[PDB]
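A note on names: the letters A, B, ... follow the listed sequences, proteins ahead of strands, and every chain is numbered from 1.
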Amino acid sequence: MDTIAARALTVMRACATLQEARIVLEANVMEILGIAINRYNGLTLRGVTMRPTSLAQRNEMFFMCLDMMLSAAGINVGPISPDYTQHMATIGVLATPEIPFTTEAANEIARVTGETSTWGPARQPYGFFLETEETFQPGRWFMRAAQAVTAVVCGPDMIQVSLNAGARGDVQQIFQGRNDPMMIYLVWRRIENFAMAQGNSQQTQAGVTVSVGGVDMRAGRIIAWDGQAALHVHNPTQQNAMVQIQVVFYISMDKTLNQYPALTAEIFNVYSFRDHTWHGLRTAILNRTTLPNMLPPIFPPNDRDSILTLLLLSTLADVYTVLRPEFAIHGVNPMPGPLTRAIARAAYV
Amino acid sequence: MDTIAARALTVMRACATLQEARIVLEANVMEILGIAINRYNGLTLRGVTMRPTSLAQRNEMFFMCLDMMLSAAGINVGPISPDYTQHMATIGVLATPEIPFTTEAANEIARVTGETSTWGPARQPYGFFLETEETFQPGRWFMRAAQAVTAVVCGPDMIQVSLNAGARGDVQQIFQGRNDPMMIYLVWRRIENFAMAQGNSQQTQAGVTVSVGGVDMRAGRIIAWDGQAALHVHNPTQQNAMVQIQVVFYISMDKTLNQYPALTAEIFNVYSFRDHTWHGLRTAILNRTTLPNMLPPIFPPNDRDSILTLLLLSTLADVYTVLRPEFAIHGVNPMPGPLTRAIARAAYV
Amino acid sequence: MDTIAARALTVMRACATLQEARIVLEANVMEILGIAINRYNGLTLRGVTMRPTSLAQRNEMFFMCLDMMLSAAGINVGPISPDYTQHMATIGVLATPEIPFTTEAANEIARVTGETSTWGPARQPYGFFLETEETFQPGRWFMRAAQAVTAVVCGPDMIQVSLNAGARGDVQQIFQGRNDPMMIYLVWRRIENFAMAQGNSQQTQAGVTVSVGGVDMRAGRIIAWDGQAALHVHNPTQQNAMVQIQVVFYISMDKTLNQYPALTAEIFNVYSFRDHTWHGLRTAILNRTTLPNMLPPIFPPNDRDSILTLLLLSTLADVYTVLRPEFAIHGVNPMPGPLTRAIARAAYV
């Protein structure tokens, strides 16, 4: 199965080599296309040529790539076209041990499989407190009735703590229960000029301390905090004090867009417009998956199938670009163009 | 023309293989260098060797790469050196169908061409409201004379709305006319403690609602908003209220640095110092383009030419690094070194 | 030495090709494995097969890759296993000019060497003022005794300046002495509604100006400032004024995670869990370096060795993934699983 994907990838990248009619192929390419096209035409009864010239030949080669991409991805598109009919036998073609795959394709699939099947630490994209319902004006005093220290969130990545003169307390629980961090990177600062409940300015005297797990931490320096050890603020000062604690970034085992090299650039390639046919085809193929059909996902995918499908579709887009096929898709209605940003934008519903 | 670029790229990457004198080449490399160097020396009358040993031979091979890079990029450098003279006939060398190009180079050019010639949605880099002339203190009440609800910008990615008791209104126009978003991702929060015009604190009672296109949206959860549907805030409460609405990120059809895999790393490679000669050469080549000559652009390039030139120049930098040529550039004056960060920094004007 | 790394890389990527038992290899792969395995078995006395089937054969091939990775990285792991013993003679294998390296591996090493040995401008990751001990409430007036203009930091990427009616002054020193910027990209805004020391709101009248090096700059537009030229604010207005100046991003010669294509994805791959053996092995290998052993570094590495080791280890992880070896590491105790996120997370101390 990983070999099946490695083969489809190998064949599609080889076809993207056919930029022109009379060019001379690197030997490696002809050896692969030869075997692949022969197995394919045999089990399918299509008549793909190794060096396409006419539009009909280009379409036919492109359809071979489409078949291979769908079979490796495990998708069955359904009747999307009067010109193309998916050949389920392609899976047999791709499982033939005689079709070789390249070192690049092999290594790329090993990556998809290796990272996708495990977990590892990664810098998450958004603010640690992005999913909060309430926020407090930054730098304005606020103490909850009966407490001497009150921590409150003032930004998507920030909290501020108000301390009564001489007060001390633990502040960690404000950070708990959200996300599932492995490490939280903090930097704390003295809020030098803040607003009192009444509206008048007040200063924070030097002398306030923040300690993590009992050890004293300087202000304005990154702190690696495990999220468990006690986060203790102490105002030894004889006046009210305010400190801000910023979560500069945190790491968890949720997958990000950096799980696979240049995943973002691949996703971008897949969701580009190109023209109405690609747009229609891409949409139709993605409808058979858990991926959005015309706009990049909000959260990065995290399973083998989604990642594979994106990689496979990105390569197919490149093949589309070099073969320039022309065929019909149900419900798609072409505009001669010559195609503009306005026209592209309108196609996204 | 895409083939021309694929060939230049193929040849340059092959030359970067010549790390040492006695190593044995992968066959594929010798087959390519053989043909390429032969066509080149023939139409040019230079005498490039396949396995350079002396400095003179290394310079000569490097000049062949420089010629190929300039011809594929469509640039004419002019008289930048007493040691090197660009050979315009190189275009004829690169258009020879007998020089093969690799699957990697072919696929890379297909990408540059495919993405560059169309449009597609992409997460933009900066705050949705980065280009605003005025900003309002966050969490401080502000109502425009005669209105019951007043929306105002309080950050590069943020707006806050002040609502009179019982008030309701549409807030979308504050977001309109800037950028050309396809989707805006929002999260709204109740500002739990804010400043009244006088300076005294006030609370926002639970009960405030935000609705998009008529449907009710919870606070602290990402909302996919098309930017057209009505953004309606309602304060059913008997006291003043404040809500913050954060644009966590938005997508448009403007090109970002993720349009091509690892574009940033390529750009970084091109603008690195290396030494005075590379610095001088790179600057001279970039002067013939719309790209800045010594500092990475502020906004990502978006046309085929710029992208190609960056990719081609990045590869040439790698060749420079392995061939270690030594030649003179007009106006450049070498410092033996051994080269430091201070010296590098000073070279950037 | 660069050739040594290019060879280890070439061999390891070839081994990741051995996905299954009966598949047919691309010729290029067999030519390389043949020579490499022969030199290796000869100088080492191990008996690696070219097409491993049993677990014992897979372990043996994996150990060959481990030896090659350690020798190219210059690491000596020590006695980490009763099943594996590092063979120092591997360096002799890798220095044999008859083992060929691929164009990909060669080009990848040229990059590591080229960028690592020089300096170049790069957009830094965090806020320009991330390392500040004190911060001032945003949008609240504050004037230092005896001055007419007072600049103060109000965010990790922001400063605000309070101007008395008719006042003018230079503001650049607030930006100096921190980081070592080559260029700072600014955008200034009028704070339209701010808090006076007493708590009452005040407006900033239009008419305030910001000029860089004597030239007038509009508000809400990015400004490329060298950090040296005078940053002059002028309030020609007859009332107090406040302006915010945002450092949207800056560039310096400190290395970022974009110094090498998809460095982040490689780092992610290396620090992924996989299973207890990989986790143990990776930790043991990283203990011999300046890199953290189980969590990605906070600051990007900047020397050849670290970068190389990461690249080499990432590839070895892929080999691990395809060969699926099974051996013992001192102090590591396997859990049959089938392995979950909870179990993975617990392994990170």
Run the side-chain contact (heavy atoms from CB on, under 4.5 Å) check on A:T135 and B:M242 step by step: do they pass?
CA-CA 10 Å; A:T135 189; B:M242 274 192 102; over 6 Å; no
Looking at CD1 of B:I191 and CZ of A:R140, how far apart are the two atoms once the value is rounded to the nearest 0.5 Å?
12.0 Å
Interface moiety of A:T321 toward chain B, non-hydrogen atoms closer than 4.5 Å
side chain
Can you tell which of B:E115, B:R221, B:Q259 has the highest number of heavy-atom pairs within less than 4.5 Å of chain A?
B:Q259
Please state whether the side chain, the backbone, both or neither of A:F273 comes within less than 4.5 Å of a heavy atom of chain B.
both
Interface check, chain B: of A:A317, A:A14, A:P156, A:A344, most non-hydrogen pairs under 4.5 Å belong to A:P156
Let's go through A:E134 and B:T204 carefully: what are the C-alpha distance in whole Å and the side-chain angles of both, what is the deciding distance for side-chain contact (heavy atoms from CB on, under 4.5 Å) to 0.1 Å, and is it a yes or a no?
CA-CA 9 Å; A:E134 307 165 329; B:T204 293; over 6 Å; no
What verdict does the side-chain contact (heavy atoms from CB on, under 4.5 Å) test give for A:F299 and B:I222, after you've listed the backbone C-alpha separation in whole Å, the side-chain angles of each residue and the deciding distance to 0.1 Å?
CA-CA 11 Å; A:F299 300 100; B:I222 295 168; 4.0 Å; yes
Take atom CD in A:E326; do more than 12 heavy atoms of anything else shown fall under 6.0 Å from it?
no
Taking side chain as everything from C-beta outward and backbone as N, CA, C, O, which of these in B:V243 sits under 4.5 Å from a heavy atom of chain A? Side chain, backbone, both or neither.
neither
Using heavy-atom distances under 4.5 Å, tell me whether B:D254 contacts chain A through its side chain, its backbone, both, or neither.
both
Can you name the nearest heavy-atom pair linking A:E133 to B:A219, along with the distance?
CG-O, 3.5 Å
The interface call for A:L263 against chain B, heavy-atom contacts under 4.5 Å, is neither
Under 4.5 Å from any heavy atom of chain A - which part of B:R123:
side chain
Distance from A:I32 atom CD1 to B:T103 atom OG1, nearest 0.5 Å?
7.0 Å
Please state whether the side chain, the backbone, both or neither of B:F101 comes within less than 4.5 Å of a heavy atom of chain A.
both
Using non-hydrogen atoms only, which part of B:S201 is less than 4.5 Å away from chain A: side chain, backbone, both, or neither?
both
How many angstroms lie between CD in A:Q137 and CD in B:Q160, if you round to the nearest 0.5 Å?
8.5 Å
SG of A:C154 to CD of B:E192, rounded to nearest 0.5 Å, is 14.0 Å
Answer key: most heavy-atom pairs under 4.5 Å with chain A among B:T113, B:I99, B:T96, B:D180 is B:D180
Residue pair B:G120 / A:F268: nearest heavy atoms and the distance that separates them
O-CE1, 3.6 Å
Under 4.5 Å from a heavy atom of chain A, the part of B:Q202 involved:
neither
Among the listed options B:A122, B:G155, B:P138, the residue most often paired with chain A at heavy-atom distances under 4.5 Å:
B:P138
What distance do B:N258 atom CG and A:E266 atom CD have between them, rounded to the nearest 0.5 Å?
11.0 Å
Identify which part of A:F136 has an atom lying under 4.5 Å from any heavy atom of chain B, answering side chain, backbone, both or neither.
both
Between CH2 on residue B:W119 and CG on residue A:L339, distance to nearest 0.5 Å:
7.0 Å
Side chain, backbone, both or neither: which part of A:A195 has an atom under 4.5 Å from a heavy atom of chain B?
neither
Heavy-atom pairs under 4.5 Å with chain A: which of B:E31, B:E104, B:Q198, B:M183 has the most?
B:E104
Check: B:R189 side chain, A:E131 main-chain N or O, donor-acceptor pair, under 3.5 Å:
no
If one checks every heavy atom of A:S314 against chain B at 4.5 Å, the contacting part turns out to be both
Nearest heavy-atom pair of A:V322 and B:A110: which atoms, and what distance?
CG1-CB, 3.7 Å
Taking only heavy atoms into account, what residues of residues 3-13 of chain B are found under 4.5 Å from chain A?
B:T3, B:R7
Of the backbone (N, CA, C, O) and the side chain (C-beta and beyond), which part of B:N28 lies under 4.5 Å from a heavy atom of chain A, both, or neither?
side chain
Full working for side-chain contact (heavy atoms from CB on, under 4.5 Å) between B:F249 and A:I298:
CA-CA 10 Å; B:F249 68 90; A:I298 300 171; 4.0 Å; yes
Assert top hit (heavy-atom pairs under 4.5 Å, partner chain B, pool A:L130, A:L25, A:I23) equals A:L130
When only pairs under 4.5 Å are counted, which of B:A262, B:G199, B:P261 shares the most heavy-atom pairs with chain A?
B:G199
Check: A:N269/B:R111 side-chain N/O donor and acceptor closer than 3.5 Å:
yes
Part of A:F129 within contact of chain B (heavy atom distance under 4.5 Å)
backbone
Which residue out of A:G139, A:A197, A:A16 racks up the most heavy-atom pairs below 4.5 Å with chain B?
A:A197
With only heavy atoms counted, which part of B:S117 is less than 4.5 Å from chain A, the side chain, the backbone, both or neither?
neither
